[PDB]
Structure formats: structure tokens, C-alpha cells
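Report on the structure given below.
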Amino acid sequence: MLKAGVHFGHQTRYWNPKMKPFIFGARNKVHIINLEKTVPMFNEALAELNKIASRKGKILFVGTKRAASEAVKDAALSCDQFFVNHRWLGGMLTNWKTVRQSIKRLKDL
RNA sequence: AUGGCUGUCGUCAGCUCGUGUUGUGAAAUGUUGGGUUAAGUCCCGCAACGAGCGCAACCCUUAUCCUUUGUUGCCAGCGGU
Ligand SMILES: [Mg+2]
Ligand SMILES: [Mg+2]
Ligand SMILES: [Mg+2]
Ligand SMILES: [Mg+2]
Ligand SMILES: [Mg+2]
Ligand SMILES: [Mg+2]
């Protein structure tokens, strides 16, 4: 059921109290996420993703420059998948009508 | 009361607008930060992405060379001198 068991992690500060229910603690000299309360979560996330996937929904994966970089690179690239690897321009989805002028620039260029 | 025209800050590099976002609001952001430049000139970063007026560049003159033309300008090679 579990996808590997390697979640050693490194974060040791700034635990958000709002997400207490999903945390175990003890190990890490700080904290750790509960592995039992995550098997029944992503197994749903995918269930919901499938619906939009049907009408070839635009997922638009996100990872900012060095956040993933070597972790994602371009594995997102597929038949009907898109991604943002470089800096996520501050406020581009909300003013997409303003980013059309720049996407046209990229196309013409 | 004005049109038109002109002086000065000042040939200093600044002054603004679209959408976006933040704030109850006047407003802020961008336009600030790290470098650099004669310059809001350019690069990186960034809650902003673009654009406009301005700076530079297009203009004239000057400093080198080449093509054409050779008088009313010029005289290197030759001659009457
Ligand atoms: Mg508001
Ligand atoms: Mg200013
Ligand atoms: Mg301002
Ligand atoms: Mg600066
Ligand atoms: Mg400029
Ligand atoms: Mg002679």
C-alpha cells in the first residue's frame, strides 16, 4: 500500500499548528508526518484528477526554479500536460488577459 | 478672462498610464533591493506583468579613406617659356 517508506525529511522548525492532525512527532528530533493518514489521501486526489483528465483538463503542474529543479525538470511534459518550472510570475493567472500580450511575444519571437 | 509665443527649475532624470495584487479608505506596488551607468542605461532578484512621455538613437557640423566630376579652382610628370 505504502509507496516506499523513505520520508526522513529535514525540516526542524516552523511547524504549523493548523496541520496537527496529520503529524506524528518524536522522530526527527522535531516532527514527522503520519504515514498511515496519507495512504487514503493521494488515493483520492488521483480519483478526482481523473475526472478533469477526461475532458483533457489543463493541470499546469508547478515548481519554482530550484524548489524541485532536478526533482521534476520536465517529467511533467506529456501529451496533455503543462508545467511552470522557472519563477512563477507573480499574478499571471489572475491577469491572464495581460499575459496574452507576452505569450504572443514568445510566439512571434 | 484669453490664443499664440517666450524665460526659469533644467538637457537635471525623472514623470505617468493600463490590467493585476494589498489596504475600510486617502493610497501602495510596479518605479523599491544587490551591481553598474552621463542616464528610470542595462543585468539579477522580487507581487507583479506591460506600455507611454523622457534618456540614448535617427539629424547637422567636424576629424581618415574611396568612387564620379575638373571651371572661374589646382600644377605632380613634360614642353615655349
Ligand atoms: Mg481592494
Ligand atoms: Mg518615482
Ligand atoms: Mg510610487
Ligand atoms: Mg537600484
Ligand atoms: Mg527607459
Ligand atoms: Mg616648366
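Start counting the first sequence at 8; every next residue gets the next number (PDB author numbering). Cβ atoms here follow ideal geometry from the backbone N, Cα and C, with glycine treated the same way.
Three-way DSSP call (helix, strand, coil) for residue i in this model
| i | result |
| --- | --- |
| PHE68 | strand |
| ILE110 | helix |
| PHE49 | helix |
| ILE39 | coil |
Rounded straight-line distance, which links the Cα of residue j to that of residue i
| i | j | result |
| --- | --- | --- |
| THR105 | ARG94 | 17 Å |
| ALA54 | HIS14 | 24 Å |
| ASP115 | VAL91 | 20 Å |
| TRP22 | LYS111 | 43 Å |
| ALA78 | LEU113 | 26 Å |
| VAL37 | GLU43 | 19 Å |
Residue(s) in a DSSP beta bridge with residue i
| i | result |
| --- | --- |
| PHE90 | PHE68 |
| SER85 | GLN88 |
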